[PDB]
Amino acid sequence: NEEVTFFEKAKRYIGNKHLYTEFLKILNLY
Amino acid sequence: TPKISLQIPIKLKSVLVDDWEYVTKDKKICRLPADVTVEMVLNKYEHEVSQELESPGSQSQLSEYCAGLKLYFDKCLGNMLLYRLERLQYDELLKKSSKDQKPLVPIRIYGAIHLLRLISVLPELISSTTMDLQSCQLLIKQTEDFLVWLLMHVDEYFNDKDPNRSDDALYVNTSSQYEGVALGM
Amino acid sequence: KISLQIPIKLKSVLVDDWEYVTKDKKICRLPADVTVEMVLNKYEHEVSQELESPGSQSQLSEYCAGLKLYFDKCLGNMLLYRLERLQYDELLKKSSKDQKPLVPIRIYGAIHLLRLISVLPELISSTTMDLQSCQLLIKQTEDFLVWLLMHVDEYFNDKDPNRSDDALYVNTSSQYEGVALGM
Amino acid sequence: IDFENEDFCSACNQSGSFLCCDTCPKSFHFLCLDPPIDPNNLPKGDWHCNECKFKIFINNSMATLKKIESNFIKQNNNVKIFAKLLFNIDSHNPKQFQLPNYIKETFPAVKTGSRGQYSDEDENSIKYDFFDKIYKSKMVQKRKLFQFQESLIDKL
Amino acid sequence: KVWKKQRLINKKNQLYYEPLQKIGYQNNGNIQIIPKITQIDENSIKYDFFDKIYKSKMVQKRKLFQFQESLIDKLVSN
Ligand SMILES: [Zn+2]
Ligand SMILES: [Zn+2]
């Protein structure tokens with residue numbers, strides 16, 4: 001529930017697309 | 001592309017062969033509409049497993065597989081799930097679904113026996129498609145866990161309670177009209 | 001123009017070797033744990049355990065003997081980078097010290113044999129060999145390459161020699177670059 | 001080319017009253033089609049089996065086949081597990097029911113006949129995280145009950 | 001243990017395979033993100049990450065619980 005909001009917050013904060021792609025790749029490598 | 005198998009429990013195979021002897025030797029047909037639909041059994045499996053799974057991904061997979069097996073019961077009961085005789089009854093419902101102007105929803109009628117049939121046929125089906133190895137193993141694990149859960153309820157859905165009470169018997173003797181099409185006359 | 005189809009993972013291994021023995025200034029640690037003698041012997045043995053026809057086993061052992069002899073006759077001549085030669089030369093000198101001649105088959109690892117295979121298309125293109133013999137040799141080496149692609153996780157693992165030990169590669173000193181590279 | 005249609009209904013491999021396709025030698029009983037076709041109301045014109053319909057639809061182009069199956073998988077993103085399998089159902093003809101061979105050989109007293117006689121001798125993420133947390137709470141509570149049980153039995 | 005990111009094998013001979021199972025795949029550290037290199041979407045990574053987090057939380061809880069039950073057993077042993 002609130003974790004969906006966390007992922008939305010992260011996508012908002014990073015702002016740029018490529019940096020969010022890199023963030024998601026970090027998350028998946030984890 | 002791969003070679004794959006389901007470790008089907010032996011008692012479900014016994015129920016399958018008993019059904020075969022009932023429909024093909026005793027000339028019986030399943031009572032439609034079944035008292036327990038496929039909606040009910042699949043929904044109960046899903047709802048009783050959803051209270052035991054921890055992680056969200058496991059439950060997402062459970063629900064996706066349950067809804068997929070519902071869609072497959074629907075799309076396969078008319079295609080591969082019926083013997084020669086039962087098709088008549090099927091076409092019978094067809095005519096009824098024709099007069100009510102309601103599209104046939106096979107899942108809301110039949111019982112767990114045809115679902116067991118579809119599950120037992122599933123290996124060849126999944127073997128004939130190009131699904132990768134990991135999704136194949138996932139499908140197989142899901143199906144085997146469901147089979148074990150169903151085996152836990154082997155009597156509640158498959159045992160003929162009190163063969164003296166015809167009102168609860170799963171199989172009813174076919175009328176003289178059904179054998180007419182059965183012998184091809 | 002004769003052509004050979006190396007698996008993609010072996011191409012990646014050869015390119016990572018190109019990396020290591022070039023500007024990371026590494027060399028292969030010698031004598032490697034698994035040489036060309038042992039590798040070709042195990043391959044010939046396992047495949048002979050499967051081969052039924054006598055002519056097939058004869059061709060197998062013939063190609064394996066030929067490949068061992070080409071290792072012995074090629075490692076020095078065409079299979080060493082400029083950075084590595086000193087090492088080889090050093091070993092050569094040590095041979096003259098102990099009066100035991102140098103045959104690379106027993107010292108050098110699978111990677112130099114894979115380099116030889118990689119060059120083998122041009123070598124066979126420099127021939128006057130007949131077409132069927134060339135194609136037979138190519139098919140034999142391709143079966144070997146498939147075996148190697150199955151065993152590329154026992155043979156070609158990386159270990160980052162800067163932090164643990166005994167990797168497939170080791171570092172060189174400044175004197176080594178000075179003498180070997182920039183003489 | 002006027003090919004001869006098979007005198008057996010390919011869905012039930014039996015002979016009887018069946019309708020045949022004009023582009024494949026397969027004929028099918030009126031009760032075997034999907035949906036079963038009434039012999040009183042026949043489809044007017046050239047009738048084809050499911051395989052011929054799908055073939056003429058895809059026009060023998062494998063690229064179109066892959067495109068349509070990819071779109072079909074993309075649309076079935078709630079039942080994705082089955083998606084590929086689903087795309088195969090609406091393409092191929094139907095057949096009657098025969099259990100796999102390994103089920104035939106489970107018990108020795110049953111034998112098979114040639115005629116088929118067998119004889120005896122989003123919102124969802126919120127809901128899923130909610131289910132997660134509620135089951136976690138339930139089971140940690142059960143663990144607390146384990147500890148309470150052990151403490152009460154050992155204190156006495 | 002060592003790398004998880006392969007080389008970039010172009011010449012247009014790379015296998016992009018969008019899996020039909022997205023919530024429990026493992027497949028590489030060779031991801032490609034979309035709205036053998038295997039494609040993936042944001043929600044799949046969301047679910048894999050939360051799956052990791054909750055499985056790990058339950059693992060730590062069960063570790064602490066085994067510790068406490070061994071402790072209470074050895075305590076009543078005294
Ligand atoms: Zn028929
Ligand atoms: Zn047709």
# chains A, B, ... in the order shown; residues from 1 in each chain; ligands from 1
>>> residues_near_ligand(ligand="ligand 1", cutoff="12 Å", atoms="only C-alpha atoms and all ligand atoms", output="ChimeraX atom specification")
/B:79,82-85,87-88,181-182,184 /D:6-20,26-34,36-37,93-97
>>> residues_near_ligand(ligand="ligand 2", cutoff="10 Å", atoms="only C-alpha atoms and all ligand atoms", output="PyMOL selection string")
chain D and resi 20-28+47-56+92-93
>>> write_last_selection(atoms="C-alpha atoms", output="short mmCIF file (atom, residue, chain, number, x, y, z; two decimals), in the first residue's frame")
data_model
loop_
_atom_site.label_atom_id
_atom_site.label_comp_id
_atom_site.auth_asym_id
_atom_site.auth_seq_id
_atom_site.Cartn_x
_atom_site.Cartn_y
_atom_site.Cartn_z
CA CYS D 20 -16.25 -32.02 -44.03
CA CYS D 21 -13.98 -29.06 -44.72
CA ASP D 22 -13.28 -28.04 -48.31
CA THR D 23 -9.62 -27.10 -47.65
CA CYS D 24 -8.51 -30.06 -45.51
CA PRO D 25 -9.39 -33.78 -45.63
CA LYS D 26 -10.53 -33.63 -41.99
CA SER D 27 -14.24 -34.18 -41.37
CA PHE D 28 -15.93 -33.69 -38.01
CA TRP D 47 -17.16 -24.21 -44.07
CA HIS D 48 -13.69 -24.77 -42.65
CA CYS D 49 -12.30 -26.36 -39.51
CA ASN D 50 -10.63 -24.22 -36.85
CA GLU D 51 -7.18 -24.96 -38.30
CA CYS D 52 -8.17 -23.77 -41.78
CA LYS D 53 -9.84 -20.65 -40.37
CA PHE D 54 -6.74 -19.72 -38.38
CA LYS D 55 -4.47 -20.49 -41.35
CA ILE D 56 -6.42 -18.34 -43.81
CA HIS D 92 -6.31 -25.96 -33.56
CA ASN D 93 -9.19 -28.37 -34.10
#
>>> interface_residues(of="chain B", to="chain D", cutoff="6 Å", atoms="only C-alpha atoms", output="ChimeraX atom specification")
/B:24,54-56,64,68,79-83
>>> interface_residues(of="chain B", to="chain E", cutoff="8 Å", atoms="only C-alpha atoms", output="JSON, numbers by chain")
{"B": [54, 55, 56, 57, 58, 60, 61, 131, 132, 134, 135]}
>>> write_last_selection(atoms="C-alpha atoms", output="PDB file, in the first residue's frame")
ATOM      1  CA  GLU B  54       3.849 -14.512   3.189  1.00  0.00           C
ATOM      2  CA  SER B  55       5.379 -12.567   0.318  1.00  0.00           C
ATOM      3  CA  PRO B  56       3.288 -10.496  -2.130  1.00  0.00           C
ATOM      4  CA  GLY B  57       4.882 -12.042  -5.215  1.00  0.00           C
ATOM      5  CA  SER B  58       3.866 -15.576  -4.259  1.00  0.00           C
ATOM      6  CA  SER B  60       0.314 -12.506  -7.130  1.00  0.00           C
ATOM      7  CA  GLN B  61       1.488 -15.713  -8.809  1.00  0.00           C
ATOM      8  CA  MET B 131       7.005 -21.725 -22.895  1.00  0.00           C
ATOM      9  CA  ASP B 132      10.478 -21.290 -21.422  1.00  0.00           C
ATOM     10  CA  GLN B 134      11.343 -21.521 -15.776  1.00  0.00           C
ATOM     11  CA  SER B 135       7.702 -20.659 -16.461  1.00  0.00           C
TER      12      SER B 135
END
>>> interface_residues(of="chain C", to="chain E", cutoff="9 Å", atoms="only C-alpha atoms", output="list in words")
residues 8, 12, 158, 159 and 160 of chain C
>>> decode(residues="chain A", atoms="N, CA, C and O atoms", output="tab-separated table (two decimals), in the first residue's frame")
chain	number	residue	atom	x	y	z
A	1	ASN	N	0.82	-1.20	0.00
A	1	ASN	CA	0.00	0.00	0.00
A	1	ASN	C	0.87	1.26	0.00
A	1	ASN	O	1.00	1.92	-1.03
A	2	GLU	N	1.45	1.58	1.15
A	2	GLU	CA	2.31	2.76	1.25
A	2	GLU	C	3.62	2.55	0.50
A	2	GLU	O	4.34	3.52	0.21
A	3	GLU	N	3.96	1.30	0.19
A	3	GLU	CA	5.19	1.03	-0.55
A	3	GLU	C	5.03	1.35	-2.03
A	3	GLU	O	5.98	1.77	-2.70
A	4	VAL	N	3.82	1.17	-2.56
A	4	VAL	CA	3.49	1.73	-3.86
A	4	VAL	C	3.77	3.23	-3.86
A	4	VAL	O	4.38	3.77	-4.79
A	5	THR	N	3.33	3.92	-2.81
A	5	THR	CA	3.59	5.34	-2.68
A	5	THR	C	5.08	5.62	-2.57
A	5	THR	O	5.55	6.66	-3.06
A	6	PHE	N	5.85	4.72	-1.95
A	6	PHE	CA	7.30	4.89	-1.90
A	6	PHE	C	7.90	4.85	-3.30
A	6	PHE	O	8.79	5.64	-3.63
A	7	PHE	N	7.45	3.90	-4.13
A	7	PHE	CA	8.00	3.81	-5.47
A	7	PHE	C	7.59	5.01	-6.32
A	7	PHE	O	8.38	5.51	-7.13
A	8	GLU	N	6.37	5.51	-6.12
A	8	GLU	CA	5.96	6.74	-6.80
A	8	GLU	C	6.81	7.92	-6.35
A	8	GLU	O	7.23	8.75	-7.16
A	9	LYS	N	7.07	8.02	-5.04
A	9	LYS	CA	7.93	9.07	-4.51
A	9	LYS	C	9.33	9.00	-5.11
A	9	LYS	O	9.93	10.03	-5.44
A	10	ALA	N	9.88	7.79	-5.24
A	10	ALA	CA	11.20	7.64	-5.84
A	10	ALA	C	11.20	8.09	-7.30
A	10	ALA	O	12.11	8.80	-7.74
A	11	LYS	N	10.18	7.67	-8.07
A	11	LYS	CA	10.11	8.10	-9.46
A	11	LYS	C	9.97	9.61	-9.57
A	11	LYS	O	10.51	10.22	-10.50
A	12	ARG	N	9.24	10.23	-8.63
A	12	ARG	CA	9.13	11.68	-8.62
A	12	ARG	C	10.46	12.34	-8.30
A	12	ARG	O	10.87	13.28	-9.00
A	13	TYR	N	11.15	11.87	-7.27
A	13	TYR	CA	12.39	12.49	-6.81
A	13	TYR	C	13.48	12.39	-7.86
A	13	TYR	O	14.13	13.40	-8.18
A	14	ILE	N	13.72	11.20	-8.41
A	14	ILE	CA	14.78	11.03	-9.40
A	14	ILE	C	14.50	11.91	-10.62
A	14	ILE	O	15.43	12.46	-11.22
A	15	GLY	N	13.23	12.09	-10.97
A	15	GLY	CA	12.86	13.03	-12.01
A	15	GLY	C	13.20	12.57	-13.42
A	15	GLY	O	12.31	12.47	-14.27
A	16	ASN	N	14.47	12.30	-13.67
A	16	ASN	CA	14.91	11.89	-15.00
A	16	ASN	C	14.57	10.43	-15.23
A	16	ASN	O	14.40	9.67	-14.27
A	17	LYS	N	14.46	10.03	-16.50
A	17	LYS	CA	14.11	8.65	-16.81
A	17	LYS	C	15.31	7.72	-16.69
A	17	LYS	O	15.22	6.68	-16.03
A	18	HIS	N	16.42	8.07	-17.34
A	18	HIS	CA	17.60	7.20	-17.36
A	18	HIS	C	18.09	6.92	-15.94
A	18	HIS	O	18.49	5.79	-15.63
A	19	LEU	N	18.08	7.92	-15.07
A	19	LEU	CA	18.52	7.70	-13.70
A	19	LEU	C	17.56	6.78	-12.96
A	19	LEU	O	17.97	6.00	-12.10
A	20	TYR	N	16.27	6.82	-13.31
A	20	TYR	CA	15.33	5.90	-12.69
A	20	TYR	C	15.53	4.48	-13.20
A	20	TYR	O	15.37	3.52	-12.44
A	21	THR	N	15.85	4.33	-14.49
A	21	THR	CA	16.23	3.02	-15.02
A	21	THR	C	17.43	2.46	-14.26
A	21	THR	O	17.42	1.28	-13.87
A	22	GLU	N	18.46	3.28	-14.04
A	22	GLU	CA	19.61	2.84	-13.26
A	22	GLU	C	19.22	2.48	-11.84
A	22	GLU	O	19.74	1.50	-11.27
A	23	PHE	N	18.30	3.24	-11.24
A	23	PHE	CA	17.83	2.94	-9.89
A	23	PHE	C	17.14	1.58	-9.84
A	23	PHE	O	17.38	0.77	-8.93
A	24	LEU	N	16.28	1.31	-10.82
A	24	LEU	CA	15.59	0.03	-10.87
A	24	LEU	C	16.56	-1.12	-11.12
A	24	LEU	O	16.36	-2.22	-10.60
A	25	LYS	N	17.60	-0.88	-11.91
A	25	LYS	CA	18.60	-1.93	-12.12
A	25	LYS	C	19.38	-2.21	-10.84
A	25	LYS	O	19.70	-3.37	-10.55
A	26	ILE	N	19.68	-1.17	-10.06
A	26	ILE	CA	20.25	-1.39	-8.72
A	26	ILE	C	19.32	-2.27	-7.90
A	26	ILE	O	19.74	-3.25	-7.27
A	27	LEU	N	18.02	-1.94	-7.90
A	27	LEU	CA	17.07	-2.68	-7.09
A	27	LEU	C	16.99	-4.14	-7.51
A	27	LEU	O	16.92	-5.04	-6.67
A	28	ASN	N	17.01	-4.39	-8.82
A	28	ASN	CA	16.89	-5.77	-9.30
A	28	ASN	C	18.17	-6.57	-9.05
A	28	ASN	O	18.10	-7.75	-8.68
A	29	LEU	N	19.33	-5.94	-9.24
A	29	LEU	CA	20.60	-6.58	-8.88
A	29	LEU	C	20.63	-6.94	-7.41
A	29	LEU	O	21.19	-7.96	-7.02
A	30	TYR	N	20.04	-6.10	-6.56
A	30	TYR	CA	19.89	-6.48	-5.16
A	30	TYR	C	18.97	-7.68	-5.02
A	30	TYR	O	19.34	-8.70	-4.43
